[PDB]
**Student:** 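My questions all concern the structure below.
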Amino acid sequence: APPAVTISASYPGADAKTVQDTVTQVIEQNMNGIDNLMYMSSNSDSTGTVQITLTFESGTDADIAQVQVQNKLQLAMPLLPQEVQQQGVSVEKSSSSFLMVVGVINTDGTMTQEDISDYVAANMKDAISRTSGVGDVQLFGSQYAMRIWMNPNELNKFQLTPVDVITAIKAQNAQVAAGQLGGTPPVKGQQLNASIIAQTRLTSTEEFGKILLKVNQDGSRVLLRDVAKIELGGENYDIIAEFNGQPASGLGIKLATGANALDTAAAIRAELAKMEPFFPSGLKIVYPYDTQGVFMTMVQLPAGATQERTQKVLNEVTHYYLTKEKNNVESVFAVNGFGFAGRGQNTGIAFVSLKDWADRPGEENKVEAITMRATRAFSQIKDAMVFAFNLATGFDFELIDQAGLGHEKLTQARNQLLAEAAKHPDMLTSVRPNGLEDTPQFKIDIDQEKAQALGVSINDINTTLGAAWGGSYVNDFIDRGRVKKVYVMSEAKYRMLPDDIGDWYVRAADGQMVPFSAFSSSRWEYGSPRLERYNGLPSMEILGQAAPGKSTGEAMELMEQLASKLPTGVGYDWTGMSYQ
Amino acid sequence: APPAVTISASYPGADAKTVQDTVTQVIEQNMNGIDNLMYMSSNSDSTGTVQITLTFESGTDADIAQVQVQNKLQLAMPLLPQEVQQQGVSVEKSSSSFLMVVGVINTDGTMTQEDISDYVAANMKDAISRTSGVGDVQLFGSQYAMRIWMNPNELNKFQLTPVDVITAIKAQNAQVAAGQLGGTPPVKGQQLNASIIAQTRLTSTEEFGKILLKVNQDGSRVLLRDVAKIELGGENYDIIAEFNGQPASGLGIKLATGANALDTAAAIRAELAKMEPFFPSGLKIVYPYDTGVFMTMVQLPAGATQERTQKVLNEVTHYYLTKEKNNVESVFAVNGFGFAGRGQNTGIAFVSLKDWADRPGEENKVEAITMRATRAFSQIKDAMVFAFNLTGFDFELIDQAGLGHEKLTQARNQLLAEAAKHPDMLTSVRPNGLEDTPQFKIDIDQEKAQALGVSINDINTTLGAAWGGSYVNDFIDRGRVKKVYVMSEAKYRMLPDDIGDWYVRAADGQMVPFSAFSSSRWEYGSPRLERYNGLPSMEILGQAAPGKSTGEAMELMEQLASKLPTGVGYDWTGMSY
Amino acid sequence: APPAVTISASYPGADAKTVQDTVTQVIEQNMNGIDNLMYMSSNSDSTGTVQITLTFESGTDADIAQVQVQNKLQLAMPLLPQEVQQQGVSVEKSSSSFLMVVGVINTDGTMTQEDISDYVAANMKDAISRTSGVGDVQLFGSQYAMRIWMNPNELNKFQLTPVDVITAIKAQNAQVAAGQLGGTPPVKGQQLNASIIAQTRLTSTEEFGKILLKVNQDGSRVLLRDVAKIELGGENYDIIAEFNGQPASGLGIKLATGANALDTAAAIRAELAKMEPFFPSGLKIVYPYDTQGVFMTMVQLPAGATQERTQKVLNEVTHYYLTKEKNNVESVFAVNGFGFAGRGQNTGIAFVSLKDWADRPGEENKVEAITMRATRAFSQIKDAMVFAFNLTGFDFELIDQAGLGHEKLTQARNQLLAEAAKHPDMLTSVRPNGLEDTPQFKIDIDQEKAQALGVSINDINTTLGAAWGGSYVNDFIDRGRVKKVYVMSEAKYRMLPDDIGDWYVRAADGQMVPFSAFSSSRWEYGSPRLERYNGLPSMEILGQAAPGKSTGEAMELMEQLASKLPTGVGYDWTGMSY
Amino acid sequence: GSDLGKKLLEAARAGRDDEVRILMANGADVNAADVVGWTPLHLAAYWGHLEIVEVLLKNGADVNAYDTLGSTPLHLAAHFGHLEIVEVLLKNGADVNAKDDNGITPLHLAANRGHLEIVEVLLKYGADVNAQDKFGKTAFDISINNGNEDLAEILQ
Ligand SMILES: CC1(C)Cc2c(C#N)c(SCCc3ccccc3)nc(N3CCOCC3)c2CO1
């Protein structure tokens, strides 16, 4: 398969369009003058994530392709939002699929999913990530951050805002360079030389809680724990894994382009062997997916679907393999919130490991027969594309906006091509979008005239909104000797419903607390939670099959005739399997 | 030929010395630990441009050279001014020449060069970049920027400055993360999950025009269109290109290493044929150069303006299009561009001939055409105008001891005056670069600014933003991200008296004119500073006289060079290395 | 040899823990996706410096390793403190040993050690650094910066602080982009085009001295020279060198991995021959270490030892070579503050050059016998490891596997060293390669008191840091070369604990508040050098097999001893023992 | 005016004494002014060309020509430390207290660059020691601000 370099970035709390227009486009515009590049694609998601895939000619030196991609990326880096740069943009040269999954569980049940994911992120991930041949390592879970969960009633009670919280955290969770007594050049004859140690990073919830937000006029103290709950918690809460129904985390490991699979797997095992003797009690590695012996199950709900509804479909999948296929299936490692197209609330994946070849005699107990039955049993689950498979007659079509038509017209055009393809079953089977549909979003308009009149600044309004409802990475702290992030966000119960917008207050220049409702209006509307682009233009990937017996050549040719009738400005290209 | 890598950076509104001393020196000082480097040269100019060319040993792998130079440059990036980082600092292999130059023109007079440049940027360049065998593609012009052209009188009327303008655009042409309703971790049982969408980037002149700068005390609104004219325009305006007198843009297209020239040229022409159905009316593709093009240099005196150069280029075009109508296909006139100096006072005409077989007889060959053109152009006053088709030596005079530009010029003139005393051995011994020119020195009086409560940042942003322009942030134009620039409308940034029409707001809210805290005077300085191997330099070209060897001419230059003031050195470069 | 790529970065005025936790950990966490990395090691030091050494499998293309490293580092640069970014992070692919030293003296004593170092920095180092095969160049000295040496009594008299000084320097030593007259796009009929020139970088102490800090309410002026002494001086003061006892500077040059020693040395000499003719009078190049006719001598004092006590030991070393060995030794180039592996007040190195082999007849006057005699002569110097060596037992890393922390890892190290001392038949000289904790001055800022007085924490921490640690403000042009500008207290107001109380900070209401009103302080111990190994806290232990015993037996015992250490303490073999 | 006007500006600019004689002889406007209002005498004064200053003055050059910002050849000679030109200009009648648009005098400029020999000649020829620029500053204030004690002595 052709080599691919992947650029990935993150913008916490950002919607798909914001990601696209502040990040993806700026990078993409620099991706030219790169040798042996066949094509480029990208997704910008409402998880605040962008992933750009640059696919190179077969036989291209991956080291050089990565270098050349990154040198074009450097041109965009100072134009990117500081919140993106700070998350650590990555450029990787891996295979798209997993070589292995390293699972981690706690046999004594003394550690939650959250605890386990933190232990793996903090003590295990980096060393794996540094191992030669490891192209990409995906954490099924999240490293702990220091979480400050703000309460807007308590903030307004003391005339404080998230801006004040963020300011206090930057001032009092600080690592100060303070010099030396008797440092050079000295007064000659100086005997005393000592480093000055001033403020150092906080290391604990207790220290965060005693951050001093203000002194009142009466002399009483407002401390950060008086306006927030304070605990360790995930940088994000989107990825949740289980191993045979038990709380788990893990590492999904992809092979670096051109690296040896056996060698690489072996060095991963060697490195895990260094960690094992220092595990806390109960912790253990399990191996739920070595690359017949194994296969995966993809779970894809429609956009809008919550963690809860995805968990339900995953429970039906897991239940199936542990009840109906229990004589074939050794283990199911199920991950809610991460799937084939990477991350989202409506996606999931199960890695299934089978017992030994010799404890499954009979042709109906082989991977092909098993996956067929599973796919069959899952086919009647509603509002869910669920299927099982172990890793061809298809086509990969890109509908492209070539005239600035915008996302809504491109959808209309896509729908027109999909409806006409539905009237040709003789030539075309299962012609479908690979992407997501638009969903309701809450559109809020800051009234500039009111803000100016009340003396509330727009940066204050935007931070308050963003930090509360999206979260904000403030700075780093030290957790058990390891640098980790600090995030502020509203406690959940204050950021659940439209009316909660009005309970958040911003402080004006004259000291008055002004609720959000005084300078804002809002309405529902639709927009995309995943915007796709192909060769730098807005796009919509359409997948499908040559009908029984007909050539890909003939089905492609039909898709071109249908496409030829679409509105002015809409074009197409072939990618992936269809490129050559 | 030895492989060369060029670093290019841009500082809008910067003078030669500003560029050199905040960009060029900083980058040069970080060009260590790079393999196979023979020498490094740079120039820093009054258009805010720096080019640092690194030349490597013959047989160096050019891609390794490129990447090594790149990595060092990128590590040095936080040492560079923000304004320069935001323009992109490019590192490219510069050794190769063009496969072809493609002109894009408009024939029915409906589109300016900026309109055309934008069309090319948005509809053409990327498909050409992805065409088979294509390497680097340079666009001649830019995509549009949103241009905010400020009016100082309207700004002062409402007690505003450019700083307020820039602040308001950052605030109201914005796009930030606003989070979600019902996002993770949620209250369990939550059904509603939706992204929150707050401000989005502005998309049009109308929307920029509505930016609210201020609500007056009487309740009237001051909007951005009340202090500025608003249009889609160029990112910059230093270059004016015509093709046979019509507005033009284009593409400069390079061949990928180890690709075929003829197959690539045909693949480009084919690709350009597919786009022709989608053009608006009168857009047309022309091919001034594709694998007998000659050039005509145009050089006006110190201080001469774009318009004066244009007039001369127009005479050059008219001449070829009438007096050589039997021989000349086209003239591509580029105002503001030269080799050996950008600037308002230079230009160059690329003249493309008709086929060999349609120019019979020696009279209609390039050498006869060029001599005639030069004879005709010799009677243009206040321009040097030379026709030429594309032996010598290449000398670098070097400041080895911190002498400064002024002392290095005086040493240069000492050498040039001596070389003239030996016309038996040396001819045409001349600077390759430019001479110092008048510049307007403005001193800010720190004491007056302090007494009045005027901030120095406000002072310097007001001057810079109005007179040089400022890249504020980005907007979305028909779905494509593009830059937003603030600058004074032209007629408030033309002459010394216009300086006093600009007002700055003091801490107590009073508007203060520039003349209250500044003074100015004329002086000379360089519009193009040169360096060689990290030291200030002046490149000198020349040739051996008739019947003398290049080696002999060199020997005399070295000997003349030994007699220069203390701290002045030299080195041989290029063809002479 | 396994190729090694080295990252170096600096944070002026930072202690080891600050460096470690804002820089080192952050870079380490982002060295993923690099091919053929065998292991990674680092030091974070109380000089404000970090060195990360990434060692690759043998046969690795060093070009590719360097590039992959630099590319990861580039993607992590935005996570680092602005103070570190702005110093420039370097990444090198070179030997750890010197190929050669270029010495520079003034034969007419016209120039001090400090002048010479600046001349070298400003006129020679960059062209040497750009020479092919030159992997790393160490200046034995510092380039000049503009030094603003602040006086806190004078600052307090005028109700100013270092924040006001820094602000005023950035505003008044500025390089301004001001556009043009008749700039494009122009009006029709414009005749004049000219650059506008506004503020330019300052170039002289005279100019910095007349920076206008403020106009008093009676109309008099407070200039920067009224609160500071203004002088050219080194960006740092840590490295001082001598050639045969005379003031010197120089360049220590290391060969780029894979380069040709002999061709690289020749190219270096060719480049110096371009510079010689323009030297100021007196200045002269000497050649004190050209790599068999040369050797080095190391000087390691215990952490806490000062520049003067290291100097005293170097003088004894130099003296011995210039008196006892004068028939064999042509020269000694001695560097105080640099020590081959590392940089600190407690370390030095001497580079020794011998006379012609022909003129040192006899086995007793060849390198081996000379170094061996010198090591014997220096073995009885007090509280200093001093040894002479031309340029193998074991190399062990004790590792913090469970977030135990510095203090517990030190106890665990000490337990293992004490246990290894009880097997003198199997192990000899089992010792730390690093540094012991030393006293440090812990100052607590009272957040309540600062807020009650209206004193801003940022002004407090900028005041403390700029004064006691130095702060790089922006650049200036010295004789045509871009160089740095630093503010710091003049020496005498930053020597003792009572001096803290003389620094004042201005509150929101204009009152000056001494540091004593909002701080408190105590002595404690901490580390001048924190080590890490493959991303975890670590402590390097060296040692050898006892006589009549194999390396592998000794190693096996170290592993046995290590298996009885407190919970969460692991180990690994590195270096010669991998 | 004249084509030889421009050639004379250029020749005065570049210190070409012989080309300046030949152009004077052929009728070249001796007070030809370039776009910033600089005459040959300005240019020759700024670039230190003493012989050209002399030749031009003998050919009737306006000794007090002012540029578009009010600056005279003596402003330039005084500012750029050209003693022998300062003396000749003042001998041929240069206005010693000429002020530019900013109110700056040749004394202010010589004082600011610490050209002491020039400061003395300006005072010799009646330079007003208490002349203020638009900011209220005298040559004495400039000596205090630059901390140039030698110049402070000379202005008492
Ligand atoms: C092979 C030759 C000598 C032929 C050649 C031509 C032709 N024909 C043109 S046509 C003018 C195109 C243009 C349009 C707008 C703005 C700038 C330039 N332009 C050239 N340039 C190279 C550097 O950048 C622009 C000028 C060259 C250089 O290589």
Side-chain angles (χ1 to χ4, degrees), chain A residues 1-4 36-41 53-60 95-97 292 295-296 298 300 340-341 366-369 371-372 374-376 379 385-402 410-411 413-435 532-535 537 539-567 569-580, chain B residues 127 130-133 263 266-267 270-271 273-274 277:
Chain A
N36 301 296
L37 182 58
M38 295 191 313
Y39 46 80
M40 163 167 73
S41 65
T53 307
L54 294 101
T55 301
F56 293 81
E57 297 279 24
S58 279
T60 305
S95 134
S96 40
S97 54
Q292 261 301 334
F295 64 94
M296 292 180 273
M298 116 180 271
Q300 171 77 258
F340 263 70
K366 300 303 170 282
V367 177
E368 208 205 305
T371 44
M372 188 280 303
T375 293
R376 211 170 42 190
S379 74
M385 229 161 61
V386 191
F387 42 100
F389 57 90
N390 163 50
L391 277 178
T393 74
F395 61 74
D396 206 346
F397 178 90
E398 292 293 350
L399 195 71
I400 303 176
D401 177 353
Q402 298 174 150
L410 184 57
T411 307
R414 177 199 68 172
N415 289 345
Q416 195 194 307
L417 172 63
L418 290 171
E420 262 181 75
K423 304 169 199 162
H424 280 79
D426 47 286
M427 196 76 89
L428 302 175
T429 314
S430 265
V431 184
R432 59 191 184 285
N434 202 29
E532 317 161 27
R533 297 181 76 83
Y534 189 75
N535 279 333
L537 296 180
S539 63
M540 277 176 187
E541 189 170 19
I542 288 157
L543 295 185
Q545 272 141 342
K550 297 308 220 312
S551 51
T552 59
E554 279 189 28
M556 284 163 60
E557 179 213 33
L558 175 58
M559 285 288 288
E560 302 179 340
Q561 289 160 34
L562 299 172
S564 81
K565 303 264 142 51
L566 292 178
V570 189
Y572 72 87
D573 199 356
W574 293 103
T575 199
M577 62 201 63
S578 313
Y579 188 70
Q580 301 110 35
Chain B
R130 296 190 309 261
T131 294
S132 198
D263 295 331
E271 189 56 72
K274 290 159 204 299

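Throughout, a chain's letter reflects where its sequence line sits, starting with A, and its residues are numbered from 1. Just so you know, these numbers use all the heavy atoms, side chains as well, and skip hydrogens, waters and symmetry mates.
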**Student:** Tell me if the CD atom of A/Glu368 is crowded by more than 12 foreign heavy atoms within 6.0 Å.
**Tutor:** no
**Student:** Nearest 0.5 Å, what's the CG-OG1 distance between A/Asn36 and A/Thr55?
**Tutor:** 12.5 Å
**Student:** State the OG1-CE distance between A/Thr371 and A/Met296, to the nearest 0.5 angstrom.
**Tutor:** 11.5 Å
**Student:** State the CG-CD1 distance between A/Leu562 and A/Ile542, to the nearest 0.5 angstrom.
**Tutor:** 10.5 Å
**Student:** Check B/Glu271 against B/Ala127 and note the closest heavy-atom contact, atom names and distance.
**Tutor:** CG-O, 4.2 Å
**Student:** Measure the spacing between CD of A/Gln300 and CZ of A/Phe340 and express it to the nearest 0.5 Å.
**Tutor:** 11.5 Å
**Student:** Heavy atoms only: give me the nearest A/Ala563-A/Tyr572 pair and the separation to one decimal.
**Tutor:** CB-CD2, 3.7 Å
**Student:** When rounded to the nearest 0.5 angstrom, what distance separates CE in A/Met577 from CG in A/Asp396?
**Tutor:** 5.5 Å
**Student:** Answer whether the closest heavy-atom distance between the side chains of A/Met372 and A/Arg376 falls below 4.5 Å.
**Tutor:** yes
**Student:** Where is the tightest heavy-atom contact between A/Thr53 and A/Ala4, given as atom of each residue plus distance?
**Tutor:** CG2-CB, 4.0 Å
**Student:** In the structure I gave you, are the side-chain heavy atoms of A/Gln580 and A/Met38 within less than 4.5 Å of one another anywhere?
**Tutor:** yes
**Student:** Side chains of B/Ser132 and B/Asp263, heavy atoms from C-beta outward: is any pair under 4.5 Å?
**Tutor:** no
**Student:** Drop me the distance from A/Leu428's CG to A/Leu558's CG, to the nearest 0.5 angstrom.
**Tutor:** 4.5 Å
**Student:** Does the side chain of A/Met298 come within less than 4.5 Å of A/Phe389's, by heavy atoms?
**Tutor:** yes
**Student:** Looking only at non-hydrogen atoms, find the nearest pair between A/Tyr534 and A/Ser41 and report the distance.
**Tutor:** CD1-CB, 4.1 Å
**Student:** If you look at every heavy atom in A/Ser578 and A/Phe395, which pair is closest and at what distance?
**Tutor:** OG-CA, 3.2 Å
**Student:** Is any side-chain heavy atom of A/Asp401 closer than 4.5 Å to a side-chain heavy atom of A/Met540?
**Tutor:** no
**Student:** Okay, side chain of A/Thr375, backbone of A/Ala388: is any donor-acceptor separation there less than 3.5 Å?
**Tutor:** yes
**Student:** Looking at side-chain heavy atoms only, is the closest gap between A/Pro433 and A/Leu399 below 4.5 Å?
**Tutor:** no
**Student:** Indicate the atoms forming the closest heavy-atom contact of A/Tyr579 with A/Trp574, along with that distance.
**Tutor:** CD1-O, 3.7 Å
**Student:** Any side-chain heavy-atom pair from A/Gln416 and A/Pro567 closer than 4.5 angstrom?
**Tutor:** yes
